[PDB]
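What's in coords22.cif: mmCIF, N, CA and C atoms
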```cif
data_protein
loop_
_atom_site.label_atom_id
_atom_site.label_comp_id
_atom_site.auth_asym_id
_atom_site.auth_seq_id
_atom_site.Cartn_x
_atom_site.Cartn_y
_atom_site.Cartn_z
N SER A 1 100.75 98.10 29.45
CA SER A 1 101.90 98.41 30.35
C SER A 1 102.53 99.77 30.02
N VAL A 2 103.20 100.40 31.01
CA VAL A 2 103.91 101.69 30.88
C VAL A 2 105.31 101.63 31.51
N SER A 3 106.21 102.53 31.08
CA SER A 3 107.59 102.63 31.60
C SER A 3 107.66 103.09 33.06
N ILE A 4 108.69 102.65 33.79
CA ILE A 4 108.97 103.06 35.17
C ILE A 4 109.49 104.51 35.26
N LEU A 5 109.33 105.14 36.43
CA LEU A 5 109.89 106.47 36.72
C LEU A 5 111.42 106.40 36.94
N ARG A 6 112.15 107.41 36.45
CA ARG A 6 113.62 107.50 36.49
C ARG A 6 114.09 108.95 36.67
N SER A 7 114.42 109.32 37.91
CA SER A 7 114.98 110.64 38.26
C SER A 7 116.44 110.76 37.82
N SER A 8 116.87 111.97 37.45
CA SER A 8 118.25 112.28 37.03
C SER A 8 119.21 112.50 38.21
N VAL A 9 120.52 112.47 37.92
CA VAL A 9 121.61 112.65 38.91
C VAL A 9 122.66 113.68 38.46
N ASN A 10 122.29 114.61 37.57
CA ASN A 10 123.22 115.51 36.88
C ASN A 10 123.97 116.48 37.81
N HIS A 11 123.48 116.75 39.02
CA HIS A 11 124.24 117.50 40.04
C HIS A 11 125.54 116.81 40.45
N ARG A 12 125.63 115.47 40.39
CA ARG A 12 126.90 114.73 40.59
C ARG A 12 127.86 114.90 39.42
N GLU A 13 127.34 114.98 38.20
CA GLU A 13 128.15 115.23 37.00
C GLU A 13 128.70 116.67 36.99
N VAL A 14 127.91 117.65 37.44
CA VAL A 14 128.36 119.03 37.66
C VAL A 14 129.36 119.12 38.82
N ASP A 15 129.13 118.39 39.92
CA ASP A 15 130.10 118.27 41.03
C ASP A 15 131.42 117.62 40.58
N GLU A 16 131.38 116.58 39.74
CA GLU A 16 132.56 115.98 39.12
C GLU A 16 133.29 116.97 38.20
N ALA A 17 132.56 117.77 37.42
CA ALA A 17 133.17 118.81 36.58
C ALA A 17 133.84 119.91 37.42
N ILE A 18 133.20 120.34 38.52
CA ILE A 18 133.80 121.24 39.52
C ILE A 18 135.07 120.62 40.11
N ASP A 19 135.04 119.35 40.52
CA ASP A 19 136.20 118.64 41.06
C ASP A 19 137.37 118.58 40.05
N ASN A 20 137.05 118.33 38.77
CA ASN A 20 138.03 118.39 37.69
C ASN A 20 138.57 119.81 37.45
N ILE A 21 137.77 120.87 37.68
CA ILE A 21 138.28 122.25 37.68
C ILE A 21 139.25 122.48 38.85
N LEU A 22 138.99 121.97 40.06
CA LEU A 22 139.95 122.07 41.18
C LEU A 22 141.28 121.40 40.84
N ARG A 23 141.20 120.21 40.25
CA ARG A 23 142.33 119.41 39.76
C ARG A 23 143.12 120.14 38.66
N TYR A 24 142.43 120.74 37.69
CA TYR A 24 143.03 121.49 36.58
C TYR A 24 143.71 122.80 37.04
N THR A 25 143.08 123.53 37.97
CA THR A 25 143.59 124.82 38.47
C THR A 25 144.50 124.71 39.71
N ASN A 26 144.71 123.49 40.23
CA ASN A 26 145.48 123.21 41.45
C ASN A 26 144.99 124.05 42.66
N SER A 27 143.68 123.96 42.92
CA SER A 27 142.96 124.83 43.87
C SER A 27 141.98 124.08 44.79
N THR A 28 141.33 124.80 45.70
CA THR A 28 140.19 124.32 46.50
C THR A 28 138.86 124.83 45.95
N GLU A 29 137.75 124.19 46.33
CA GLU A 29 136.41 124.69 46.02
C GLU A 29 136.13 126.07 46.64
N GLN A 30 136.72 126.38 47.81
CA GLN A 30 136.63 127.72 48.40
C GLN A 30 137.31 128.77 47.51
N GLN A 31 138.52 128.47 47.02
CA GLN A 31 139.25 129.35 46.10
C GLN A 31 138.52 129.52 44.76
N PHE A 32 137.91 128.45 44.23
CA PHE A 32 137.09 128.52 43.01
C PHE A 32 135.78 129.30 43.23
N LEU A 33 135.11 129.15 44.38
CA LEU A 33 133.93 129.96 44.74
C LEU A 33 134.29 131.44 44.83
N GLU A 34 135.40 131.79 45.48
CA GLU A 34 135.90 133.17 45.54
C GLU A 34 136.28 133.74 44.16
N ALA A 35 136.90 132.93 43.30
CA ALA A 35 137.21 133.32 41.92
C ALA A 35 135.94 133.55 41.08
N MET A 36 134.92 132.69 41.23
CA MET A 36 133.61 132.87 40.58
C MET A 36 132.88 134.11 41.10
N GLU A 37 132.90 134.36 42.41
CA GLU A 37 132.28 135.55 43.02
C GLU A 37 132.95 136.85 42.54
N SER A 38 134.28 136.83 42.39
CA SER A 38 135.08 137.97 41.89
C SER A 38 134.88 138.24 40.39
N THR A 39 134.58 137.20 39.59
CA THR A 39 134.47 137.27 38.12
C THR A 39 133.02 137.25 37.58
N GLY A 40 132.02 137.29 38.47
CA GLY A 40 130.59 137.34 38.09
C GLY A 40 130.00 136.01 37.61
N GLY A 41 130.61 134.88 38.01
CA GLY A 41 130.13 133.53 37.69
C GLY A 41 130.55 132.98 36.32
N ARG A 42 131.42 133.68 35.58
CA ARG A 42 131.98 133.18 34.30
C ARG A 42 133.09 132.17 34.57
N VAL A 43 132.80 130.87 34.43
CA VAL A 43 133.76 129.77 34.71
C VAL A 43 135.08 129.97 33.98
N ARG A 44 135.07 130.38 32.70
CA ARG A 44 136.30 130.64 31.92
C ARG A 44 137.19 131.73 32.52
N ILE A 45 136.59 132.83 32.99
CA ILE A 45 137.32 133.95 33.61
C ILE A 45 137.77 133.55 35.02
N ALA A 46 136.95 132.81 35.76
CA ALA A 46 137.28 132.31 37.10
C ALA A 46 138.50 131.37 37.06
N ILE A 47 138.51 130.36 36.18
CA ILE A 47 139.66 129.45 36.04
C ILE A 47 140.88 130.18 35.47
N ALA A 48 140.70 131.14 34.55
CA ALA A 48 141.79 131.99 34.06
C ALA A 48 142.46 132.81 35.17
N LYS A 49 141.68 133.49 36.03
CA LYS A 49 142.22 134.27 37.17
C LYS A 49 142.83 133.36 38.25
N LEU A 50 142.22 132.19 38.49
CA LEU A 50 142.70 131.19 39.46
C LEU A 50 144.02 130.52 39.02
N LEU A 51 144.27 130.40 37.71
CA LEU A 51 145.57 129.99 37.15
C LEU A 51 146.60 131.13 37.19
N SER A 52 146.24 132.31 36.67
CA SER A 52 147.16 133.45 36.45
C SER A 52 147.38 134.37 37.67
N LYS A 53 146.99 133.92 38.87
CA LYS A 53 147.16 134.65 40.15
C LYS A 53 148.61 135.01 40.51
N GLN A 54 149.58 134.25 39.99
CA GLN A 54 151.02 134.52 40.09
C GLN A 54 151.72 134.13 38.77
N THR A 55 152.60 135.00 38.26
CA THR A 55 153.30 134.84 36.96
C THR A 55 154.73 135.37 36.98
N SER A 56 155.51 135.00 35.96
CA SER A 56 156.91 135.39 35.75
C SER A 56 157.13 136.88 35.47
N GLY A 57 156.10 137.59 34.98
CA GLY A 57 156.18 139.01 34.58
C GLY A 57 156.97 139.26 33.28
N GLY A 58 157.19 140.54 32.96
CA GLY A 58 157.93 140.99 31.78
C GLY A 58 157.92 142.51 31.58
N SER A 59 158.72 143.01 30.64
CA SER A 59 158.90 144.45 30.37
C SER A 59 157.72 145.11 29.62
N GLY A 60 156.87 144.32 28.97
CA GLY A 60 155.69 144.79 28.22
C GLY A 60 154.98 143.67 27.43
N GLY A 61 153.87 144.02 26.77
CA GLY A 61 153.10 143.11 25.91
C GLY A 61 153.78 142.79 24.57
N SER A 62 153.37 141.68 23.95
CA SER A 62 153.86 141.22 22.63
C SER A 62 153.21 141.97 21.45
N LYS A 63 153.89 141.97 20.29
CA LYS A 63 153.39 142.57 19.04
C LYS A 63 152.25 141.73 18.44
N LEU A 64 151.17 142.38 18.03
CA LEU A 64 149.99 141.79 17.38
C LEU A 64 149.55 142.61 16.15
N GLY A 65 148.87 141.96 15.21
CA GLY A 65 148.34 142.57 13.98
C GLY A 65 147.73 141.56 13.00
N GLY A 66 147.14 142.05 11.91
CA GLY A 66 146.52 141.24 10.86
C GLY A 66 145.86 142.06 9.74
N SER A 67 145.45 141.38 8.66
CA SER A 67 144.81 141.99 7.49
C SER A 67 143.36 142.44 7.76
N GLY A 68 142.89 143.44 7.01
CA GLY A 68 141.50 143.91 7.04
C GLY A 68 140.49 142.91 6.44
N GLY A 69 139.20 143.10 6.75
CA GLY A 69 138.11 142.24 6.29
C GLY A 69 136.73 142.66 6.82
N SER A 70 135.74 141.77 6.66
CA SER A 70 134.36 141.94 7.14
C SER A 70 134.21 141.69 8.65
N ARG A 71 133.01 141.92 9.20
CA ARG A 71 132.69 141.72 10.63
C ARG A 71 132.72 140.25 11.09
N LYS A 72 132.62 139.29 10.16
CA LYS A 72 132.51 137.82 10.38
C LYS A 72 131.50 137.40 11.47
N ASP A 73 130.40 138.14 11.56
CA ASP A 73 129.40 138.07 12.65
C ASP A 73 128.31 137.00 12.44
N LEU A 74 128.22 136.44 11.22
CA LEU A 74 127.26 135.41 10.79
C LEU A 74 125.77 135.83 10.91
N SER A 75 124.86 134.91 10.56
CA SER A 75 123.40 135.13 10.55
C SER A 75 122.82 135.40 11.95
N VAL A 76 121.77 136.22 12.03
CA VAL A 76 121.13 136.64 13.30
C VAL A 76 120.20 135.57 13.90
N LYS A 77 119.67 134.65 13.08
CA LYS A 77 118.74 133.58 13.50
C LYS A 77 119.45 132.46 14.28
N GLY A 78 118.72 131.83 15.20
CA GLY A 78 119.22 130.74 16.06
C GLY A 78 118.18 130.27 17.09
N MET A 79 118.64 129.52 18.10
CA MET A 79 117.83 129.01 19.21
C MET A 79 118.57 129.10 20.56
N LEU A 80 117.84 129.37 21.64
CA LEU A 80 118.39 129.56 22.99
C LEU A 80 118.60 128.23 23.74
N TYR A 81 119.60 128.20 24.63
CA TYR A 81 119.91 127.08 25.53
C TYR A 81 120.52 127.59 26.85
N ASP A 82 120.59 126.74 27.88
CA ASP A 82 121.16 127.08 29.19
C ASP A 82 122.69 127.36 29.13
N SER A 83 123.16 128.31 29.94
CA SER A 83 124.57 128.77 29.92
C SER A 83 125.54 127.90 30.73
N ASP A 84 125.05 126.92 31.50
CA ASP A 84 125.73 126.04 32.47
C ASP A 84 126.54 126.71 33.61
N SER A 85 127.03 127.94 33.42
CA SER A 85 127.69 128.77 34.43
C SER A 85 126.90 128.89 35.73
N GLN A 86 125.58 129.08 35.64
CA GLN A 86 124.69 129.15 36.81
C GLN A 86 124.52 127.80 37.51
N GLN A 87 124.51 126.68 36.77
CA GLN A 87 124.45 125.33 37.35
C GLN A 87 125.76 124.98 38.09
N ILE A 88 126.91 125.29 37.48
CA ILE A 88 128.23 125.14 38.13
C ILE A 88 128.29 126.02 39.38
N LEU A 89 127.92 127.30 39.28
CA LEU A 89 127.92 128.22 40.43
C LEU A 89 126.98 127.75 41.55
N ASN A 90 125.78 127.26 41.24
CA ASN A 90 124.87 126.70 42.25
C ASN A 90 125.50 125.49 42.97
N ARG A 91 126.02 124.50 42.23
CA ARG A 91 126.62 123.30 42.84
C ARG A 91 127.91 123.61 43.59
N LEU A 92 128.70 124.57 43.10
CA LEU A 92 129.91 125.07 43.78
C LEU A 92 129.57 125.82 45.08
N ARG A 93 128.57 126.70 45.06
CA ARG A 93 128.17 127.48 46.25
C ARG A 93 127.52 126.58 47.29
N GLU A 94 126.72 125.60 46.91
CA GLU A 94 126.16 124.62 47.85
C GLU A 94 127.24 123.67 48.42
N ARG A 95 128.20 123.21 47.60
CA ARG A 95 129.37 122.43 48.06
C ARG A 95 130.25 123.21 49.05
N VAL A 96 130.46 124.51 48.80
CA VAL A 96 131.29 125.37 49.67
C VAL A 96 130.54 125.85 50.92
N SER A 97 129.29 126.30 50.75
CA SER A 97 128.52 126.94 51.81
C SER A 97 127.90 125.92 52.79
N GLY A 98 127.50 124.73 52.29
CA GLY A 98 126.76 123.73 53.06
C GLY A 98 126.99 122.27 52.64
N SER A 99 128.15 121.95 52.06
CA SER A 99 128.58 120.59 51.68
C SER A 99 127.62 119.80 50.77
N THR A 100 126.72 120.48 50.03
CA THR A 100 125.61 119.85 49.28
C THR A 100 124.71 118.95 50.17
N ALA A 101 124.63 119.24 51.47
CA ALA A 101 123.82 118.51 52.44
C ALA A 101 122.31 118.81 52.30
N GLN A 102 121.47 117.89 52.78
CA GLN A 102 120.00 117.96 52.70
C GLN A 102 119.36 119.00 53.65
N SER A 103 120.11 119.47 54.66
CA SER A 103 119.70 120.51 55.62
C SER A 103 120.92 121.30 56.12
N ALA A 104 120.71 122.57 56.51
CA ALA A 104 121.73 123.49 57.03
C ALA A 104 121.16 124.41 58.14
#
```
Using the file provided, produce a representation of the structure as structure tokens.
Amino acid sequence: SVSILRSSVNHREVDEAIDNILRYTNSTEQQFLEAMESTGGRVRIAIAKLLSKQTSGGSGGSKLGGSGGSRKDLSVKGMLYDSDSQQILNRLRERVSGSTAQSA
């Protein structure tokens, strides 16, 4: 005997994560698609710009500083993995452009 076939559903989990980004940023998927298009598909920069689109303002920036040290850059060796930004952008653009429908 052998195991049965089992297809994945991870585009719904990415769609749920997109929906939770709309909920977190108090926005629409159209506004999040426009924020992603404006920021080059970086979800962190897109949600940052989509939050900070209107603010209280001020007279200038705050004071910053710290002690000297090394580069803290760590070892060069490692392994590659997917960035997820492109998967979120694909599911967001299909949800906005064509409702994630089977034909358009």
Residues near stretch 15-25 of chain A, cut-off 7 Å, all atoms listed in the file, skip fewer than 2 positions along chain, as a short mmCIF file (atom, residue, chain, number, x, y, z; two decimals) with N, CA and C atoms, keeping the file's coordinate frame:
```
data_model
loop_
_atom_site.label_atom_id
_atom_site.label_comp_id
_atom_site.auth_asym_id
_atom_site.auth_seq_id
_atom_site.Cartn_x
_atom_site.Cartn_y
_atom_site.Cartn_z
N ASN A 10 122.29 114.61 37.57
CA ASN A 10 123.22 115.51 36.88
C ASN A 10 123.97 116.48 37.81
N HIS A 11 123.48 116.75 39.02
CA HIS A 11 124.24 117.50 40.04
C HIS A 11 125.54 116.81 40.45
N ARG A 12 125.63 115.47 40.39
CA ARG A 12 126.90 114.73 40.59
C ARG A 12 127.86 114.90 39.42
N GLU A 13 127.34 114.98 38.20
CA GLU A 13 128.15 115.23 37.00
C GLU A 13 128.70 116.67 36.99
N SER A 27 143.68 123.96 42.92
CA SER A 27 142.96 124.83 43.87
C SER A 27 141.98 124.08 44.79
N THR A 28 141.33 124.80 45.70
CA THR A 28 140.19 124.32 46.50
C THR A 28 138.86 124.83 45.95
N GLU A 29 137.75 124.19 46.33
CA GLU A 29 136.41 124.69 46.02
C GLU A 29 136.13 126.07 46.64
N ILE A 47 138.51 130.36 36.18
CA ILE A 47 139.66 129.45 36.04
C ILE A 47 140.88 130.18 35.47
N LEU A 50 142.22 132.19 38.49
CA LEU A 50 142.70 131.19 39.46
C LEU A 50 144.02 130.52 39.02
N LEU A 51 144.27 130.40 37.71
CA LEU A 51 145.57 129.99 37.15
C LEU A 51 146.60 131.13 37.19
N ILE A 88 126.91 125.29 37.48
CA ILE A 88 128.23 125.14 38.13
C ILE A 88 128.29 126.02 39.38
N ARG A 91 126.02 124.50 42.23
CA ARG A 91 126.62 123.30 42.84
C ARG A 91 127.91 123.61 43.59
N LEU A 92 128.70 124.57 43.10
CA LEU A 92 129.91 125.07 43.78
C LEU A 92 129.57 125.82 45.08
#
```
Which residues are close to residue A:46, i.e. within 8 Å by all atoms listed in the file, leaving aside same-chain residues fewer than 3 positions away? Reply as an MDAnalysis selection string. chainID A and resid 31:32 34:43 49:52
Measure the distance from atom N of residue A:100 to atom CA of residue A:44 in Å and round it to one decimal. 22.9 Å
Which parts of chain A does DSSP call helix (DSSP H, G or I) when run on the backbone here, written out as a ChimeraX atom specification? /A:10-25,29-39,43-51,85-98
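Interatomic distance, atom CA of residue A:89 to atom CA of residue A:7: 21.9 Å.
Here the question is which of A:30, A:78, A:14, A:8 gets nearest to residue A:98 using only C-alpha atoms, and that residue is A:30.
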Atom CA of residue A:97 to atom N of residue A:33 measures 10.2 Å
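Between residue A:53 and the residues A:26, A:5, A:96, A:65, the shortest atom-to-atom distance, using only C-alpha atoms, involves A:26.
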Have stretch 52-72 of chain A completed to N, CA, C and O atoms, please, and pass it along as a PDB file, in the coordinates of the input.
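Once everything was written out, this is rebuild-v3.pdb:
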```pdb
ATOM      1  N   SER A  52     146.240 132.310  36.670  1.00  0.00           N
ATOM      2  CA  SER A  52     147.160 133.450  36.450  1.00  0.00           C
ATOM      3  C   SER A  52     147.380 134.370  37.670  1.00  0.00           C
ATOM      4  O   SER A  52     147.923 135.463  37.528  1.00  0.00           O
ATOM      5  N   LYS A  53     146.990 133.920  38.870  1.00  0.00           N
ATOM      6  CA  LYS A  53     147.160 134.650  40.150  1.00  0.00           C
ATOM      7  C   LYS A  53     148.610 135.010  40.510  1.00  0.00           C
ATOM      8  O   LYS A  53     148.839 135.970  41.244  1.00  0.00           O
ATOM      9  N   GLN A  54     149.580 134.250  39.990  1.00  0.00           N
ATOM     10  CA  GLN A  54     151.020 134.520  40.090  1.00  0.00           C
ATOM     11  C   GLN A  54     151.720 134.130  38.770  1.00  0.00           C
ATOM     12  O   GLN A  54     151.474 133.052  38.229  1.00  0.00           O
ATOM     13  N   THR A  55     152.600 135.000  38.260  1.00  0.00           N
ATOM     14  CA  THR A  55     153.300 134.840  36.960  1.00  0.00           C
ATOM     15  C   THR A  55     154.730 135.370  36.980  1.00  0.00           C
ATOM     16  O   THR A  55     155.139 136.120  37.879  1.00  0.00           O
ATOM     17  N   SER A  56     155.510 135.000  35.960  1.00  0.00           N
ATOM     18  CA  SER A  56     156.910 135.390  35.750  1.00  0.00           C
ATOM     19  C   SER A  56     157.130 136.880  35.470  1.00  0.00           C
ATOM     20  O   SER A  56     158.229 137.398  35.691  1.00  0.00           O
ATOM     21  N   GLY A  57     156.100 137.590  34.980  1.00  0.00           N
ATOM     22  CA  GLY A  57     156.180 139.010  34.580  1.00  0.00           C
ATOM     23  C   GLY A  57     156.970 139.260  33.280  1.00  0.00           C
ATOM     24  O   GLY A  57     157.369 138.332  32.575  1.00  0.00           O
ATOM     25  N   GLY A  58     157.190 140.540  32.960  1.00  0.00           N
ATOM     26  CA  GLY A  58     157.930 140.990  31.780  1.00  0.00           C
ATOM     27  C   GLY A  58     157.920 142.510  31.580  1.00  0.00           C
ATOM     28  O   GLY A  58     157.194 143.235  32.277  1.00  0.00           O
ATOM     29  N   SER A  59     158.720 143.010  30.640  1.00  0.00           N
ATOM     30  CA  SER A  59     158.900 144.450  30.370  1.00  0.00           C
ATOM     31  C   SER A  59     157.720 145.110  29.620  1.00  0.00           C
ATOM     32  O   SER A  59     157.591 146.334  29.644  1.00  0.00           O
ATOM     33  N   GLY A  60     156.870 144.320  28.970  1.00  0.00           N
ATOM     34  CA  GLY A  60     155.690 144.790  28.220  1.00  0.00           C
ATOM     35  C   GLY A  60     154.980 143.670  27.430  1.00  0.00           C
ATOM     36  O   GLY A  60     155.422 142.518  27.424  1.00  0.00           O
ATOM     37  N   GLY A  61     153.870 144.020  26.770  1.00  0.00           N
ATOM     38  CA  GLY A  61     153.100 143.110  25.910  1.00  0.00           C
ATOM     39  C   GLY A  61     153.780 142.790  24.570  1.00  0.00           C
ATOM     40  O   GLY A  61     154.659 143.520  24.103  1.00  0.00           O
ATOM     41  N   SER A  62     153.370 141.680  23.950  1.00  0.00           N
ATOM     42  CA  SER A  62     153.860 141.220  22.630  1.00  0.00           C
ATOM     43  C   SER A  62     153.210 141.970  21.450  1.00  0.00           C
ATOM     44  O   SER A  62     152.118 142.532  21.566  1.00  0.00           O
ATOM     45  N   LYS A  63     153.890 141.970  20.290  1.00  0.00           N
ATOM     46  CA  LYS A  63     153.390 142.570  19.040  1.00  0.00           C
ATOM     47  C   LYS A  63     152.250 141.730  18.440  1.00  0.00           C
ATOM     48  O   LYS A  63     152.380 140.503  18.330  1.00  0.00           O
ATOM     49  N   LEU A  64     151.170 142.380  18.030  1.00  0.00           N
ATOM     50  CA  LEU A  64     149.990 141.790  17.380  1.00  0.00           C
ATOM     51  C   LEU A  64     149.550 142.610  16.150  1.00  0.00           C
ATOM     52  O   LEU A  64     149.802 143.814  16.074  1.00  0.00           O
ATOM     53  N   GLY A  65     148.870 141.960  15.210  1.00  0.00           N
ATOM     54  CA  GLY A  65     148.340 142.570  13.980  1.00  0.00           C
ATOM     55  C   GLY A  65     147.730 141.560  13.000  1.00  0.00           C
ATOM     56  O   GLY A  65     147.783 140.343  13.227  1.00  0.00           O
ATOM     57  N   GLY A  66     147.140 142.050  11.910  1.00  0.00           N
ATOM     58  CA  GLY A  66     146.520 141.240  10.860  1.00  0.00           C
ATOM     59  C   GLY A  66     145.860 142.060   9.740  1.00  0.00           C
ATOM     60  O   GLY A  66     145.718 143.284   9.845  1.00  0.00           O
ATOM     61  N   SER A  67     145.450 141.380   8.660  1.00  0.00           N
ATOM     62  CA  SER A  67     144.810 141.990   7.490  1.00  0.00           C
ATOM     63  C   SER A  67     143.360 142.440   7.760  1.00  0.00           C
ATOM     64  O   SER A  67     142.670 141.879   8.616  1.00  0.00           O
ATOM     65  N   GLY A  68     142.890 143.440   7.010  1.00  0.00           N
ATOM     66  CA  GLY A  68     141.500 143.910   7.040  1.00  0.00           C
ATOM     67  C   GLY A  68     140.490 142.910   6.440  1.00  0.00           C
ATOM     68  O   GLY A  68     140.863 141.986   5.714  1.00  0.00           O
ATOM     69  N   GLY A  69     139.200 143.100   6.750  1.00  0.00           N
ATOM     70  CA  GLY A  69     138.110 142.240   6.290  1.00  0.00           C
ATOM     71  C   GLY A  69     136.730 142.660   6.820  1.00  0.00           C
ATOM     72  O   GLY A  69     136.552 143.754   7.357  1.00  0.00           O
ATOM     73  N   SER A  70     135.740 141.770   6.660  1.00  0.00           N
ATOM     74  CA  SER A  70     134.360 141.940   7.140  1.00  0.00           C
ATOM     75  C   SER A  70     134.210 141.690   8.650  1.00  0.00           C
ATOM     76  O   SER A  70     135.161 141.274   9.332  1.00  0.00           O
ATOM     77  N   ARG A  71     133.010 141.920   9.200  1.00  0.00           N
ATOM     78  CA  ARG A  71     132.690 141.720  10.630  1.00  0.00           C
ATOM     79  C   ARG A  71     132.720 140.250  11.090  1.00  0.00           C
ATOM     80  O   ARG A  71     132.803 140.012  12.296  1.00  0.00           O
ATOM     81  N   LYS A  72     132.620 139.290  10.160  1.00  0.00           N
ATOM     82  CA  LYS A  72     132.510 137.820  10.380  1.00  0.00           C
ATOM     83  C   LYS A  72     131.500 137.400  11.470  1.00  0.00           C
ATOM     84  O   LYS A  72     131.696 136.426  12.200  1.00  0.00           O
TER      85      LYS A  72
END
```
